[PDB]
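Enquirer: Protein chains in written order, with PDB author numbering: chain M, 3 to 23, 32 to 153; chain F, 2 to 263; chain J, 2 to 207.
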Amino acid sequence: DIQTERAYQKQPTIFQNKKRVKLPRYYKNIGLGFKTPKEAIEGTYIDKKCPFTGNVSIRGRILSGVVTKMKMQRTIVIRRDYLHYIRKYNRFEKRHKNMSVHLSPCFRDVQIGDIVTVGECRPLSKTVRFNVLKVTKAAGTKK
Amino acid sequence: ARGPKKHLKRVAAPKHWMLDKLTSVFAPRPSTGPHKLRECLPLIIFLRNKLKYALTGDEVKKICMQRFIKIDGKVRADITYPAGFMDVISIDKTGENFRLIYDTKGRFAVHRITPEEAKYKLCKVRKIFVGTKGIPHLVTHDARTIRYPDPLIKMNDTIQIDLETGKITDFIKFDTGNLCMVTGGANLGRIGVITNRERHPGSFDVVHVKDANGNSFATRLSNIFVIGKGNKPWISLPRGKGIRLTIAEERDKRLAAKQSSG
Amino acid sequence: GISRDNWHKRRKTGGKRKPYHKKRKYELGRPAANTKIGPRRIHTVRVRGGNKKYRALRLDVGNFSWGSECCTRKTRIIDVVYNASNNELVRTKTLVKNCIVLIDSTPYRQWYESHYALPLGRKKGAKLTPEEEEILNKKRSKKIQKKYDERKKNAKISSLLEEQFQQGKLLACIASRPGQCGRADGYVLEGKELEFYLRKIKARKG
RNA sequence: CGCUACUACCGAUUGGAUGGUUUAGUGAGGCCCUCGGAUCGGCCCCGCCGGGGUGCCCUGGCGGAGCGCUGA
RNA sequence: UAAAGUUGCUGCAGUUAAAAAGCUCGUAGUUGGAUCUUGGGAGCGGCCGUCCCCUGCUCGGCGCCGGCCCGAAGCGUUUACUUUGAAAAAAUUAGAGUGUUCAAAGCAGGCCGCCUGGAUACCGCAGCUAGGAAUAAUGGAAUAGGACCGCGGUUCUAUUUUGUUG
RNA sequence: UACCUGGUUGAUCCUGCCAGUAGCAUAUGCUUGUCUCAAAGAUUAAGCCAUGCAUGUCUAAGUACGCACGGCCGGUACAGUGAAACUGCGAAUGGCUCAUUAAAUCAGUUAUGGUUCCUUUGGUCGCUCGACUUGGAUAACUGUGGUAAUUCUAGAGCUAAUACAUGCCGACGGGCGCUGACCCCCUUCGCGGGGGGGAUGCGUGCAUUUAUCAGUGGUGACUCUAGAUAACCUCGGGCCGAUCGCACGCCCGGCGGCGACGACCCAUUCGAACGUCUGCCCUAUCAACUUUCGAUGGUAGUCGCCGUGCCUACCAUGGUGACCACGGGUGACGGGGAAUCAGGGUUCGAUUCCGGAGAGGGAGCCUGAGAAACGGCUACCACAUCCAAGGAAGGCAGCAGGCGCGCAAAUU
RNA sequence: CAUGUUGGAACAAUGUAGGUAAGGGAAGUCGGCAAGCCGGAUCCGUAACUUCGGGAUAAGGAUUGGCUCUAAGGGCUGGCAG
Numbered sequence: 003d004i005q006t007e008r009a010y011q012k013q014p015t016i017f018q019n020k021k022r023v032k033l034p035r036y037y038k039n040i041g042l043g044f045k046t047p048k049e050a051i052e053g054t055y056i057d058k059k060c061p062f063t064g065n066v067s068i069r070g071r072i073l074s075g076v077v078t079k080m081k082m083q084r085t086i087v088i089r090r091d092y093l094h095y096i097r098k099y100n101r102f103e104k105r106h107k108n109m110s111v112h113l114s115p116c117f118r119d120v121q122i123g124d125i126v127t128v129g130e131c132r133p134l135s136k137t138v139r140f141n142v143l144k145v146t147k148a149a150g151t152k153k
Numbered sequence: 002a003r004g005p006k007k008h009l010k011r012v013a014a015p016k017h018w019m020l021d022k023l024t025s026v027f028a029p030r031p032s033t034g035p036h037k038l039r040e041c042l043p044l045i046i047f048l049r050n051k052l053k054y055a056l057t058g059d060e061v062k063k064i065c066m067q068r069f070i071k072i073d074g075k076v077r078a079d080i081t082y083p084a085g086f087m088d089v090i091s092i093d094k095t096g097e098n099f100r101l102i103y104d105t106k107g108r109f110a111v112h113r114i115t116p117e118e119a120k121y122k123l124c125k126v127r128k129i130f131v132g133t134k135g136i137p138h139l140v141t142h143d144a145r146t147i148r149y150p151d152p153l154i155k156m157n158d159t160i161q162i163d164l165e166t167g168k169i170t171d172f173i174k175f176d177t178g179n180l181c182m183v184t185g186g187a188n189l190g191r192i193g194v195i196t197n198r199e200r201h202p203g204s205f206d207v208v209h210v211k212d213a214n215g216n217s218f219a220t221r222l223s224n225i226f227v228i229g230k231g232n233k234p235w236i237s238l239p240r241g242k243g244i245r246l247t248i249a250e251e252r253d254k255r256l257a258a259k260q261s262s263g
Numbered sequence: 002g003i004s005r006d007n008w009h010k011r012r013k014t015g016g017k018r019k020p021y022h023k024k025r026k027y028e029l030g031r032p033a034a035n036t037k038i039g040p041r042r043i044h045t046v047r048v049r050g051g052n053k054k055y056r057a058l059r060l061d062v063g064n065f066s067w068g069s070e071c072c073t074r075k076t077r078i079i080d081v082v083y084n085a086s087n088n089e090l091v092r093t094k095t096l097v098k099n100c101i102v103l104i105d106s107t108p109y110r111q112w113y114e115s116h117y118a119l120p121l122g123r124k125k126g127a128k129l130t131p132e133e134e135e136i137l138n139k140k141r142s143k144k145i146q147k148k149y150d151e152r153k154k155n156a157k158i159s160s161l162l163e164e165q166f167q168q169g170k171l172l173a174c175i176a177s178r179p180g181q182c183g184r185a186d187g188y189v190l191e192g193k194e195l196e197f198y199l200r201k202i203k204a205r206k207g
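(1) Mind checking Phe130 (chain F): buried by the 16 CB within 10 Å criterion, or exposed?
(2) Under 6 Å Cβ to Cβ from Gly64 (chain M), same chain only, skipping five residues before and after it: list those, please.
(3) On the three-state DSSP scale, how would you describe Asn50 (chain F)?
(4) Are the C-beta atoms of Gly192 (chain J) and some chain M residue less than 7 Å apart?
(5) Quick one: is residue 157 (chain M) near chain J, going by C-beta distance under 7 Å?
(6) Could you check whether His17 (chain F) and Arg108 (chain F) sit closer than 7 Å to each other, using their CB atoms as the reference points?
(7) Along the segment 61-85 of chain M, what residues have a CB closer than 8 Å to any CB found in chain J?
(8) Would you please verify whether the beta carbon of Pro31 (chain F) is less than 7 Å from any beta carbon of chain M?
(9) Against chain M, which members of the segment 222-255 of chain F pass a CB distance test of less than 8 Å?
(10) Using a beta-carbon distance cut-off of less than 8 Å, what residues from the segment 199-210 of chain F approach chain M?
(11) From M:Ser67, M:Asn39, M:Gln18, pick the residue whose C-alpha is nearest to that of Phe140 (chain M); which is it?
(12) If you reduce the DSSP assignment to three classes, tell me which class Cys181 (chain F) lands in.
(13) Evaluate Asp88 (chain F) with the Cβ neighbour count: other Cβ atoms within 10 Å of its Cβ, from every protein chain shown; 16 or more gives buried, anything less gives exposed.
(14) How about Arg105 (chain M): is its C-beta nearer than 7 Å to some C-beta of chain J?
(15) What residues are listed by DSSP as bridge partners for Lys10 (chain F)?
(16) Just to confirm my understanding: we take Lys79 (chain M), look at its own chain, exclude 5 residues before and 5 after, and list those with CB closer than 7 Å. What are they?
(17) Would you identify the three-state DSSP class for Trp235 (chain F), choosing helix, strand or coil?
(18) For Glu117 (chain F), report the span of its alpha helix (DSSP H) as first-last.
(19) Assign residue 274 (chain F) to one of three DSSP states: helix, strand, or coil.
(20) With distances taken from CA atoms, which of F:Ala258, F:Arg191, F:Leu222 is nearest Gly243 (chain F)?
(21) Which residues in chain J sit within 7 Å of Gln18 (chain M), going by Cβ to Cβ distance?
(22) Counting only beta-carbon separations shorter than 7 Å, does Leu42 (chain M) have a partner in chain F?
(23) Which of helix, strand or coil does DSSP assign to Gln67 (chain F)?
(24) Can you name the residues of chain M whose CB is closer than 8 Å to the CB of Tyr198 (chain J)?
(25) Which residues in chain J have a C-beta closer than 7 Å to the C-beta of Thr137 (chain M)? List them in chain order.
(26) When burial is assigned at 16 or more other CB atoms within 10 Å of the CB, is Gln165 (chain J) buried or exposed?
(27) At 3 residues or longer, and completely inside the segment 90-155 of chain J: list those beta strand (DSSP E) runs for me, N to C.
(28) Would you kindly report the start and end of the unbroken beta strand (DSSP E) that includes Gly75 (chain M)?
(29) Around the C-beta of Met109 (chain M), are 16 or more other C-beta atoms found within 10 angstroms, so that it is buried, or is it exposed?
(30) Please state if the CB of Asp151 (chain F) and the CB of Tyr121 (chain F) are separated by a distance shorter than 7 Å.
(31) Whole angstroms are fine: how far does the CA of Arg84 (chain M) sit from the CA of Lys157 (chain J)?
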């Protein structure tokens, strides 16, 4: 189910050796008014880098982007698309700066083309400095 | 650049000293102290250019090393000591007391006061702290860490303290309708009443401040310093009383000054 | 020396970086401690900001906490059993953080004797002839014996810990960093975490 | 096509000369680790007896080790 | 560098002066028809010219007696656009004052101890913020896994309450 | 000031360049009376340097027994000066140059809830049952010496401290959490029972670890700040004052003022350091690049001041690119700015302000809060000095000045 | 099976058949003839030219013993146990 790894996956807040005659969870609210999902409270997953169940503090820039690649382990590549202005030719030009965001498994059902609102935190890895705070799927919704 | 810098170039000095560039390359880099390098007067600048007791820098050496100047009732003998906002400078021999209060333009005014007015000063709380054994501490804007302050004196309030003891004499809470002075930004050294503080979670909060002539300017919460209640302040105010009369209206008074008194 | 810089290596795109400055000091690497289990040897490092950092090269006696019964005792470290990171840190018996060890069992059995007035270990029929320890299992009042008779109902130990008291050595997990602190502080394994590390020990051996 | 003047081109020469990065080999010096032990001090029970409590003994003028243990 | 409208966004040329691929398909790129609260009122300016509207359920009163509403605050399709504010080192430039004897300058000076300056703008974009909703993108109900309801149950944890004591 | 003129022809109208025209900032030619500002070895050679200087420092307040001076005549040690010299702070600022470096540097904007910080400033400096000054060297000195030579140091003989060490009177009488001889009391038919008093021994205040009773205060949000209990306290140790001189007064061997110096820690100030968003010149005769010897992620450590493939073991197969990746060039340090401009642009920015980098090329480190420091060391590599041939010594892209190089740039 | 159709004793020259040589290293010679160097495997790296198949084991590098360990790769019985 969980703990397929070499070391025991647990949370460093809870203690899970109570004496007898359903272990509890460590959740938190992220701040700036974001609804912490049901999957991060009723869920069983252990994740170090999750901003609901794990240890990370969201502070600084809240950005948005559209999901591109989902082939990594608990990480996704989003695309930010913007228009750079040139003063000489009084027009714009399409650019993009696609970035690597950490995705918590409290977002259980995500596909490509979804719009994720991501928050700045400390560097998680070499090129990961953002966490998905909410997922807002595009047009369609059903088939 | 492998350690802390010790010189200050006269060109790259804070703008509100008014230091003429043709004199020297360097300006008085203020000694580390209770206030920041940008937003403070060093002692030499106040005692040389503003008062003209000293013609040179060796003369503020000869003044300070006879120890007549006492900053906040404490005898300071360092020519580059950073005297910031609301810090009261006292010359004991002359019998003159000067409070450092911001001008209409955003400069430090040569504002004289009574000896009664000298014994107390106002300090904005920067944070509260819980000490080593549930001792509430309280750090001000001049690094004053007062211990056992009143449980109602919170984060952004203002405390009137006595200088002899260093205890809290009285306090003012951050109320909408209290007087305040903007101590930074574009609106530097204007007195007005608070109408609303815009709550932006994460980023800085902005306060809308209305002066007596009926003019609404906004600023960050970092620069606002509450100084009294309603219409009357707790401190002596300088000439003008931080109205900020506009460049056309200044020429309208400068006309009448040299036309009437001639 | 050993650089800890992030600019000596490639970009995200996969292009070779150019160095704009050479090795700075605040980019600093010291060689590892590799803290073996032996008679206590600790060196000190003068670090950035003139602070200390204690390089435990050997330490034999740690300080482990029985989180369930709540008693922390300065206990002897004996043998290393598991290491999640490197299998060659169990062959060369080193002490790093989150490393599973066998600690002495007698300072916890002593406390369980004193606090509850029960035995732990003690084989079928194996009773005490010199008579020192067994004077702790008898002779209370008829009303402070009644104090102890509240503790005895909520006494019974976990049956997976029963064996680690009879063998005389407890599976413990180090929590501090012997390289940095000059200490081997940890906690005794019980519950699901114990069962997990018991399987991973037992899995290979056979 | 024949004379002169100048500028580029192909060209056998397994051409030549300067750099730049770098594979191998050897590898100075510093740093860490395990040692090491040139040396320099403690301390002890005896011997000649002081000096003072009554042979115990508080400190010393000295010779001597099993260099006894111990520090740098 | 200007003259160079002889490198062109403003702003050039391509029948013959130099120049349109031999033809069509075609992916990025670029660009994309029309369509959705408009009139009319309403008091006061002097037949006409402004204000306000086709929005809602923690906290004070001008209060009446499970309540008849206005005052401060958590809130309400997304973005570009424009408007204002914040925040933005001086120096330089633009500029205000001032007879360095004029000027370029500089930050000083003026009146018989006093008075008085040492302003002010500009500071592309990117981020922050609050108005405006035309223009241009974008969202919603069509296997109804629809909006508004008041209803009837399935389970968990606080407190308003069980005289102390479980 | 939103501008044009000459030249293809026998002559004409065009396209189109060439040539004139004005500014600017380098060189140079000829010429020169006054006065006021004033750039100046950047371009080529981040080429080489003889000589001199450029970083030293004491008040009443760490340490004076130099008679080098000196007041006193005989004072219970010490008047005042005083070279040294040891202590402890500075030398990591400044100054110079632009060699490298193209999302790097740097600019605006934000994060440190992810760290460190000498000093300044303000707190705390009898909260911990638990000694009227304690050890023994060592410099200057004295007296002996070695080498041609260095800001070389040896052997011997003294003596100091805020250097190096060691340590306790006081507060001190207790208070508080386990452990428990026995004590107050009846209930019921004696056992069960409902609450208190206590002879003890132990543990005692801020760092490492784990726990819950919890969560006094705060945050947009903490595994926050505090509070409680069980242990640990690194011989290469967290403090818990053997320091100094101004006036010295109270009281019958105690009390007391005014300041230096010093101190673990907290909060400041100066910062620094790593990260967030967006932004750059030419090039396709550079179209795919990265990854076994980390490339992009996961996990658990190591190391670091801290976050992180920074590094190591296991895994996963990712990461970037026509919206120009990757590779290459640049007479490329970046920006504030500068020249020219109707309006839009074009070109320049080594150059006094901010940030960066380097000290002939690389590499490594000692000390310190802070250098990977070069007016500090340790090696190699070029260049080069004195030599009695054994050995020492050196880093002007600091201020002057000399050589070279040049179209090109100042007084030892 | 009895050393190839015989034994014994010596250890001269010159032979035939093996080997090794300091320093140099083709100067020897018609001519590197003869001899010598290289050699297996595993991991790197691989040019001109090309009939695009090759060239190619191009050229050029590194490692290799013994011992004690770890890791991964399978079947039978009613995501697990034996």
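Even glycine gets a Cβ: it sits at the ideal position worked out from N, Cα and C.
Expert: In brief:
(1) exposed
(2) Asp57, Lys58
(3) helix
(4) yes
(5) Chain M is shown from 3 up to 153; residue 157 (chain M) falls before or after that span and cannot be answered.
(6) yes
(7) none
(8) no
(9) none
(10) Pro202, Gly203
(11) M:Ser67
(12) strand
(13) buried
(14) no
(15) F:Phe27
(16) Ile86, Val87
(17) coil
(18) 116-119
(19) Past the edges of chain F, shown from 2 to 263, lies residue 274 (chain F), and the structure says nothing about it.
(20) F:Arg191
(21) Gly192, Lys193
(22) yes
(23) coil
(24) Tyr10
(25) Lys13
(26) buried
(27) 100-105
(28) 72-79
(29) buried
(30) no
(31) 42 Å
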